[PDB]
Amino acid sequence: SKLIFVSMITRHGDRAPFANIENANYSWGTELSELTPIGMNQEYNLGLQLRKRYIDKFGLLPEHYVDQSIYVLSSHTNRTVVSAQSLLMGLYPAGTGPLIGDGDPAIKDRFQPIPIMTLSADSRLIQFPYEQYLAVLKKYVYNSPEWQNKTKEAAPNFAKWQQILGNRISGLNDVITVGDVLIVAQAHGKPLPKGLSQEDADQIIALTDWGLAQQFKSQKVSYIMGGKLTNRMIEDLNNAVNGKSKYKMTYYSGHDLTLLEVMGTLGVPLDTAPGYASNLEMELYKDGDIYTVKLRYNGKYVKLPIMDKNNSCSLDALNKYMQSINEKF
C-alpha cells in the first residue's frame, strides 16, 4: 500500500495578541495580530518534520518541488500566509530550489518559491468572519447548559479579575478574550499582571482552553463553520482517485477554529484547544483498487467511528460517513 495524497490544515504559529490587558504594559516586539519570529520558527520546524514524513519516509513528494504538485490556500490574514510560507521553507528548504544556466541558483541559497493563494477576507471557508462567528456562539453556545454551568462555576472570580486586569469581565467570552493575552504573555515569558497570582492566571488560561474546545463539542456548530472545508478536503481525496486533480497535497493554512471545526464536523471534536502550529492530515493510500484513509492530528492517528483497529477506513466509507453528516445538517 502506497501513500498517494494528503490534505492538510495547520493552525498558524505564535502571534502577538489582538487586544491588550488594560492594567499591564506588555511590549511584544511585533505588531498586534502579527506572527512573531517564534511563530515563523514553529511553522518552519513543522515544515521540516513534514519533509521527513512525506518526502523522506513515504516518498509521496519529491525532494525538489514540482510545479502544481501542492495547492496551498490560506485565510486572508498576514499570520496565516506567513505561517504557510514559513512551513513551506521547511518542507522545501534552502538548497532545494531551482537552478538556472550552469547550476547557478534561481534565487540566492536556492530558495524555493511555492505559490500560496488567499481566500477573500469575507470567505467562510477557513476563517469564519468574526461577527458571524460571535453570532453562532450567541445562538448555539453561550446559552447551552454546559456553557451556563461553567459560567456559574467561574462567575465568583469575575469581579476580582476585572478589577485586577482592568478589562471588562462579565462572562466566559470575556475570560477567553483576556485569556489569550495571558497565553501570549506566558509564551513570551512576560511577568504576570500586578495582583494576578499564578493561580488566577492558570484558571483564566484553563477556562480559555476549555471555552474554545467546548464550542466545537457541538457537531452542529462545527458543521456550520467547518462543513464547507471538511467537504472540500474529502473531495480533494476523491479528486486524487477520480483523475480530476494531479495535486499530491492540498494545504489549508488556518487558525485554531479551523482545526476545531473540521475535527468537530467529523465527530471527533478536540478536548483541548489546538496549540500553535497544530496540524491535521487526511492521508489517502492505494493498494491496487483499494483506497484507504487515515486521519492524523498533531502526530497521532485519530479513530473516526467508521475506522478499524488500525485507525483506517475505505475512502468509500469516508464518503458515506460524510454524506450522512451532510444529510444530518
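Numbering starts at 1 and follows the sequence shown.
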property	result
Selected stretch [higher average CA B-factor]: 133 to 141 or 252 to 260	133 to 141
Higher-scoring stretch by recorded Cα B factor average, 76 to 84 or 154 to 162	154 to 162
Residue with maximal Cα B-factor (values as given in the PDB entry) among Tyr44, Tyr54, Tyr276, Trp28	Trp28
Residue with highest C-alpha B-factor in the PDB entry, from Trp147, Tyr71, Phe111, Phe216	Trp147
Relative C-alpha B-factor of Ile21, binned into the chain's lowest, middle or highest third	middle
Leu304 - which third its CA temperature factor falls in, relative to the rest of the chain	highest
CA B-factor ranking of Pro269, expressed as a third of its chain	middle
Chain-relative CA temperature factor third for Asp180	lowest
Third of chain Cα B-factors occupied by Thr36	lowest
